[PDB]
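One structure below.
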Amino acid sequence: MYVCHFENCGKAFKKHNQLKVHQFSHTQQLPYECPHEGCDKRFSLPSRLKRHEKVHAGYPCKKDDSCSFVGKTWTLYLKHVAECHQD
RNA sequence: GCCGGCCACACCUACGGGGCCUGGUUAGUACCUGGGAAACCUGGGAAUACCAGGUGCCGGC
Ligand SMILES: [Mg+2]
Ligand SMILES: [Mg+2]
Ligand SMILES: [Mg+2]
Ligand SMILES: [Mg+2]
Ligand SMILES: [Zn+2]
Ligand SMILES: [Zn+2]
Ligand SMILES: [Zn+2]
């Protein structure tokens with residue numbers, strides 16, 4: 001079991017993630033921080049972070065070998081297909 | 001509708017779904033950090049698979 005002692009909170013958690021997450025109430029800082037260089041962004045849960053990292057991740061065009069495009073955002077990857085590959 | 005913000009719940013589809021997100025389980029496990037003679041303890045912590053629903057909101061002409 002995982003128990004916090006913030007201020008004798010007591011609260012007992014099964015997984016140490018549930019714990020950390022719970023430190024939002026006490027204090028305030030959003031627990032989950034971002035590892036990418038120069039990205040002062042923080043989040044509430046860990047799932048919400050995993051999804052954010054998909055940003056710094058890429059969005060590579062896999063519509064054909066000849067094409068080796070890599071957009072910076074989903075929107076951009078879409079515009080790419082919107083023009084470069086029609087019909 | 002166009003644009004922009006967010007960066008797929010936004011996308012594709014033989015229209016059956018696929019993909020993606022979300023919440024449980026796999027799993028506090030496999031596995032690395034490090035302490036230890038060791039039992040264990042400390043801090044991180046998957047993959048894979050499976051169940052349960054959801055599928056674009058905001059701002060400007
Ligand atoms: Mg940073
Ligand atoms: Mg748009
Ligand atoms: Mg441990
Ligand atoms: Mg509008
Ligand atoms: Zn607490
Ligand atoms: Zn970031
Ligand atoms: Zn392409």
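If you're wondering about the labels, chains in the structure tokens are A, B, ... by order shown, residues count from 1 in each chain, ligands from 1 in order shown.
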
* May I have the residues of chain B within 8 Å of chain A, counting only C-alpha atoms (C1' of nucleotides), written as a ChimeraX atom specification? => /B:7-8,28

Could those residues be written to a file, using C-alpha atoms (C1' of nucleotides), as a PDB file, in the first residue's frame?
ATOM      1  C1'   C B   7      -2.865  18.862 -32.209  1.00  0.00           C
ATOM      2  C1'   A B   8      -6.670  12.246 -34.524  1.00  0.00           C
ATOM      3  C1'   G B  28       2.728  -2.486  -8.858  1.00  0.00           C
TER       4        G B  28
END

Cut-off 9 Å: closest chain B/ligand 2 atom pairs per residue, using only C-alpha atoms (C1' of nucleotides) and all ligand atoms, as JSON lines:
{"residue": "B:3", "atom": "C1'", "partner": "ligand 2", "partner_atom_place_in_ligand_line": "1 (Mg)", "distance": 7.6}
{"residue": "B:4", "atom": "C1'", "partner": "ligand 2", "partner_atom_place_in_ligand_line": "1 (Mg)", "distance": 7.7}
{"residue": "B:10", "atom": "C1'", "partner": "ligand 2", "partner_atom_place_in_ligand_line": "1 (Mg)", "distance": 8.2}

* **9 Å shell around ligand 4 using only C-alpha atoms (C1' of nucleotides) and all ligand atoms, listed as a list in words** => residues 58, 59 and 60 of chain B

* For ligand 5, list the contacting residues at 10 Å or closer, counting only C-alpha atoms (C1' of nucleotides) and all ligand atoms, as a list in words. => residues 3, 4, 5, 6, 7, 8, 9, 10, 11, 12, 13, 19, 20, 21, 22, 23, 24, 25, 26 and 27 of chain A

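Residues with any atom within 8 Å of residue 43 of chain A, counting only C-alpha atoms (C1' of nucleotides) and excluding same-chain neighbours fewer than 5 positions away, are residues 30, 31, 32, 33, 48 and 49 of chain A.
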
* To do: From the DSSP assignment of the backbone, select every residue of segment 9-55 of chain A that is strand (DSSP E or B), and format the answer as a list in words.
  =>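 DSSP-assigned strand (DSSP E or B) residues in segment 9-55 of chain A: residues 12, 13, 32, 33, 42 and 43 of chain A.
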
* Asked: Do you know which residues are at most 8 Å from segment 21-25 of chain B counting only C-alpha atoms (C1' of nucleotides), after dropping those on the same chain fewer than 4 positions away, and could you put them as a list in words?
  -> residues 9, 50, 51, 52 and 54 of chain B

Store the residues picked out above, limited to C-alpha atoms (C1' of nucleotides), as a PDB file, in the first residue's frame.
ATOM      1  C1'   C B   9     -12.750  11.920 -29.802  1.00  0.00           C
ATOM      2  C1'   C B  50      -8.763  -8.323 -22.483  1.00  0.00           C
ATOM      3  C1'   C B  51     -13.404  -5.973 -20.781  1.00  0.00           C
ATOM      4  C1'   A B  52     -16.182  -1.079 -20.734  1.00  0.00           C
ATOM      5  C1'   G B  54     -16.650   7.736 -26.591  1.00  0.00           C
TER       6        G B  54
END

Show me, as a tab-separated table, the residues of chain A having an atom within 12 Å of ligand 7, each with the closest atom pair and its distance in Å, using only C-alpha atoms and all ligand atoms.
residue	atom	partner	partner_atom_place_in_ligand_line	distance
A:59	CA	ligand 7	1 (Zn)	10.8
A:60	CA	ligand 7	1 (Zn)	8.2
A:61	CA	ligand 7	1 (Zn)	4.8
A:62	CA	ligand 7	1 (Zn)	6.5
A:63	CA	ligand 7	1 (Zn)	5.4
A:64	CA	ligand 7	1 (Zn)	6.5
A:65	CA	ligand 7	1 (Zn)	8.5
A:66	CA	ligand 7	1 (Zn)	7.9
A:67	CA	ligand 7	1 (Zn)	4.6
A:68	CA	ligand 7	1 (Zn)	6.3
A:69	CA	ligand 7	1 (Zn)	5.4
A:70	CA	ligand 7	1 (Zn)	8.2
A:71	CA	ligand 7	1 (Zn)	9.6
A:76	CA	ligand 7	1 (Zn)	11.3
A:77	CA	ligand 7	1 (Zn)	8.4
A:78	CA	ligand 7	1 (Zn)	9.6
A:79	CA	ligand 7	1 (Zn)	10.0
A:80	CA	ligand 7	1 (Zn)	6.5
A:81	CA	ligand 7	1 (Zn)	6.0
A:82	CA	ligand 7	1 (Zn)	9.5
A:83	CA	ligand 7	1 (Zn)	9.0
A:84	CA	ligand 7	1 (Zn)	6.2
A:85	CA	ligand 7	1 (Zn)	6.7
A:86	CA	ligand 7	1 (Zn)	10.4

Could you write out that same residue set with C-alpha atoms as a PDB file, in the first residue's frame?
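Resulting contents of out-v1.pdb:
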ATOM      1  CA  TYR A  59       3.369  12.538 -37.371  1.00  0.00           C
ATOM      2  CA  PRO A  60       5.200  10.843 -40.293  1.00  0.00           C
ATOM      3  CA  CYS A  61       3.505  10.436 -43.653  1.00  0.00           C
ATOM      4  CA  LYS A  62       3.263   6.745 -44.499  1.00  0.00           C
ATOM      5  CA  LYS A  63       1.175   7.091 -47.671  1.00  0.00           C
ATOM      6  CA  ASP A  64       3.986   5.959 -49.982  1.00  0.00           C
ATOM      7  CA  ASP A  65       7.707   5.229 -49.917  1.00  0.00           C
ATOM      8  CA  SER A  66       8.540   8.088 -52.275  1.00  0.00           C
ATOM      9  CA  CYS A  67       7.128  10.414 -49.612  1.00  0.00           C
ATOM     10  CA  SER A  68       9.124  10.959 -46.451  1.00  0.00           C
ATOM     11  CA  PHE A  69       7.227  13.904 -45.030  1.00  0.00           C
ATOM     12  CA  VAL A  70       6.903  14.487 -41.295  1.00  0.00           C
ATOM     13  CA  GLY A  71       4.474  17.134 -40.116  1.00  0.00           C
ATOM     14  CA  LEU A  76      -0.458  19.705 -40.636  1.00  0.00           C
ATOM     15  CA  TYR A  77      -0.044  16.019 -41.405  1.00  0.00           C
ATOM     16  CA  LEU A  78      -3.611  16.176 -42.689  1.00  0.00           C
ATOM     17  CA  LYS A  79      -3.116  19.209 -44.916  1.00  0.00           C
ATOM     18  CA  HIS A  80      -0.139  17.371 -46.319  1.00  0.00           C
ATOM     19  CA  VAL A  81      -2.354  14.503 -47.469  1.00  0.00           C
ATOM     20  CA  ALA A  82      -4.961  17.097 -48.485  1.00  0.00           C
ATOM     21  CA  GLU A  83      -2.752  18.200 -51.339  1.00  0.00           C
ATOM     22  CA  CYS A  84       0.199  15.912 -52.011  1.00  0.00           C
ATOM     23  CA  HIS A  85      -1.925  12.747 -52.444  1.00  0.00           C
ATOM     24  CA  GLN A  86      -5.251  13.266 -54.274  1.00  0.00           C
TER      25      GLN A  86
END

* Test item: residues lying within 8 Å of ligand 6 with only C-alpha atoms (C1' of nucleotides) and all ligand atoms, as a PyMOL selection string -> chain A and resi 34-41+52-53+55-56

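Counting from atom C1' of residue 35 of chain B, the distance to atom CA of residue 46 of chain A is 28.5 Å.
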
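Residues of chain A that DSSP, applied to the backbone, places in helix (DSSP H, G or I): residues 16, 17, 18, 19, 20, 21, 22, 47, 48, 49, 50, 51, 52, 54, 55, 56, 57, 74, 75, 76, 77, 78, 79, 80, 81, 82, 83 and 84 of chain A.
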
Go ahead and write the residues just picked, N, CA and C atoms, as a PDB file, in the first residue's frame.
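Produced file result-v6.pdb, reproduced below:
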ATOM      1  N   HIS A  16       1.304   3.727  -6.509  1.00  0.00           N
ATOM      2  CA  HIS A  16       1.959   5.002  -6.225  1.00  0.00           C
ATOM      3  C   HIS A  16       1.685   6.111  -7.229  1.00  0.00           C
ATOM      4  N   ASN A  17       0.955   5.798  -8.290  1.00  0.00           N
ATOM      5  CA  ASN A  17       0.615   6.825  -9.259  1.00  0.00           C
ATOM      6  C   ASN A  17      -0.603   7.548  -8.707  1.00  0.00           C
ATOM      7  N   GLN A  18      -1.550   6.768  -8.202  1.00  0.00           N
ATOM      8  CA  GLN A  18      -2.769   7.317  -7.629  1.00  0.00           C
ATOM      9  C   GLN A  18      -2.383   8.307  -6.537  1.00  0.00           C
ATOM     10  N   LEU A  19      -1.308   7.984  -5.823  1.00  0.00           N
ATOM     11  CA  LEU A  19      -0.814   8.822  -4.738  1.00  0.00           C
ATOM     12  C   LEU A  19      -0.380  10.182  -5.259  1.00  0.00           C
ATOM     13  N   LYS A  20       0.687  10.176  -6.054  1.00  0.00           N
ATOM     14  CA  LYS A  20       1.239  11.389  -6.661  1.00  0.00           C
ATOM     15  C   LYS A  20       0.116  12.247  -7.222  1.00  0.00           C
ATOM     16  N   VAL A  21      -0.737  11.619  -8.019  1.00  0.00           N
ATOM     17  CA  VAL A  21      -1.863  12.303  -8.623  1.00  0.00           C
ATOM     18  C   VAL A  21      -2.643  13.071  -7.560  1.00  0.00           C
ATOM     19  N   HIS A  22      -2.893  12.402  -6.438  1.00  0.00           N
ATOM     20  CA  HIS A  22      -3.639  12.971  -5.322  1.00  0.00           C
ATOM     21  C   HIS A  22      -2.977  14.202  -4.676  1.00  0.00           C
ATOM     22  N   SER A  47      -1.934   9.687 -17.834  1.00  0.00           N
ATOM     23  CA  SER A  47      -2.496   9.341 -19.137  1.00  0.00           C
ATOM     24  C   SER A  47      -2.535  10.591 -19.998  1.00  0.00           C
ATOM     25  N   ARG A  48      -2.952  11.684 -19.374  1.00  0.00           N
ATOM     26  CA  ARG A  48      -3.054  12.976 -20.030  1.00  0.00           C
ATOM     27  C   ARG A  48      -1.700  13.466 -20.549  1.00  0.00           C
ATOM     28  N   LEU A  49      -0.614  13.004 -19.932  1.00  0.00           N
ATOM     29  CA  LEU A  49       0.740  13.380 -20.349  1.00  0.00           C
ATOM     30  C   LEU A  49       1.203  12.527 -21.535  1.00  0.00           C
ATOM     31  N   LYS A  50       1.073  11.214 -21.393  1.00  0.00           N
ATOM     32  CA  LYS A  50       1.451  10.273 -22.438  1.00  0.00           C
ATOM     33  C   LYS A  50       0.952  10.779 -23.786  1.00  0.00           C
ATOM     34  N   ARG A  51      -0.281  11.274 -23.787  1.00  0.00           N
ATOM     35  CA  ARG A  51      -0.935  11.775 -24.987  1.00  0.00           C
ATOM     36  C   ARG A  51      -0.333  13.070 -25.491  1.00  0.00           C
ATOM     37  N   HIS A  52       0.161  13.886 -24.573  1.00  0.00           N
ATOM     38  CA  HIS A  52       0.768  15.151 -24.953  1.00  0.00           C
ATOM     39  C   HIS A  52       2.091  14.929 -25.683  1.00  0.00           C
ATOM     40  N   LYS A  54       2.897  12.958 -27.690  1.00  0.00           N
ATOM     41  CA  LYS A  54       2.702  12.606 -29.094  1.00  0.00           C
ATOM     42  C   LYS A  54       3.011  13.831 -29.960  1.00  0.00           C
ATOM     43  N   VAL A  55       3.083  14.985 -29.308  1.00  0.00           N
ATOM     44  CA  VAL A  55       3.396  16.234 -29.974  1.00  0.00           C
ATOM     45  C   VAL A  55       4.847  16.160 -30.427  1.00  0.00           C
ATOM     46  N   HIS A  56       5.753  16.335 -29.472  1.00  0.00           N
ATOM     47  CA  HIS A  56       7.186  16.295 -29.720  1.00  0.00           C
ATOM     48  C   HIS A  56       7.560  15.042 -30.496  1.00  0.00           C
ATOM     49  N   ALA A  57       6.609  14.123 -30.610  1.00  0.00           N
ATOM     50  CA  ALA A  57       6.812  12.855 -31.293  1.00  0.00           C
ATOM     51  C   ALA A  57       7.017  12.877 -32.813  1.00  0.00           C
ATOM     52  N   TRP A  74      -0.957  17.123 -36.117  1.00  0.00           N
ATOM     53  CA  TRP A  74      -1.962  16.294 -36.780  1.00  0.00           C
ATOM     54  C   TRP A  74      -2.629  17.085 -37.889  1.00  0.00           C
ATOM     55  N   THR A  75      -3.003  18.320 -37.579  1.00  0.00           N
ATOM     56  CA  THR A  75      -3.607  19.172 -38.580  1.00  0.00           C
ATOM     57  C   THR A  75      -2.680  19.248 -39.792  1.00  0.00           C
ATOM     58  N   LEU A  76      -1.416  19.586 -39.549  1.00  0.00           N
ATOM     59  CA  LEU A  76      -0.458  19.705 -40.636  1.00  0.00           C
ATOM     60  C   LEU A  76      -0.277  18.416 -41.408  1.00  0.00           C
ATOM     61  N   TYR A  77      -0.185  17.288 -40.709  1.00  0.00           N
ATOM     62  CA  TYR A  77      -0.044  16.019 -41.405  1.00  0.00           C
ATOM     63  C   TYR A  77      -1.250  15.832 -42.320  1.00  0.00           C
ATOM     64  N   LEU A  78      -2.410  16.320 -41.886  1.00  0.00           N
ATOM     65  CA  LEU A  78      -3.611  16.176 -42.689  1.00  0.00           C
ATOM     66  C   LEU A  78      -3.572  17.053 -43.925  1.00  0.00           C
ATOM     67  N   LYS A  79      -3.183  18.317 -43.765  1.00  0.00           N
ATOM     68  CA  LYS A  79      -3.116  19.209 -44.916  1.00  0.00           C
ATOM     69  C   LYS A  79      -2.173  18.591 -45.923  1.00  0.00           C
ATOM     70  N   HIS A  80      -1.087  18.008 -45.430  1.00  0.00           N
ATOM     71  CA  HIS A  80      -0.139  17.371 -46.319  1.00  0.00           C
ATOM     72  C   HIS A  80      -0.902  16.424 -47.243  1.00  0.00           C
ATOM     73  N   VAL A  81      -1.590  15.449 -46.670  1.00  0.00           N
ATOM     74  CA  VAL A  81      -2.354  14.503 -47.469  1.00  0.00           C
ATOM     75  C   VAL A  81      -3.421  15.209 -48.311  1.00  0.00           C
ATOM     76  N   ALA A  82      -3.920  16.331 -47.800  1.00  0.00           N
ATOM     77  CA  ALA A  82      -4.961  17.097 -48.485  1.00  0.00           C
ATOM     78  C   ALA A  82      -4.534  17.584 -49.858  1.00  0.00           C
ATOM     79  N   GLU A  83      -3.233  17.732 -50.060  1.00  0.00           N
ATOM     80  CA  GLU A  83      -2.752  18.200 -51.339  1.00  0.00           C
ATOM     81  C   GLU A  83      -1.824  17.237 -52.062  1.00  0.00           C
ATOM     82  N   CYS A  84      -0.771  16.803 -51.390  1.00  0.00           N
ATOM     83  CA  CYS A  84       0.199  15.912 -52.011  1.00  0.00           C
ATOM     84  C   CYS A  84      -0.308  14.577 -52.557  1.00  0.00           C
TER      85      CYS A  84
END

* Asked: Would you name the residues within 8 Å of ligand 3, counting only C-alpha atoms (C1' of nucleotides) and all ligand atoms, and put them as number ranges by chain?
  -> B: 28, 42-44

* Interatomic distance between atom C1' of residue 19 of chain B and atom CA of residue 45 of chain A? ->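 Between atom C1' of residue 19 of chain B and atom CA of residue 45 of chain A the gap works out to 23.9 Å.
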
* Asked: To one decimal place, how far is atom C1' of residue 61 of chain B from atom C1' of residue 6 of chain B in Å?
  ->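 It comes out at 20.6 Å.
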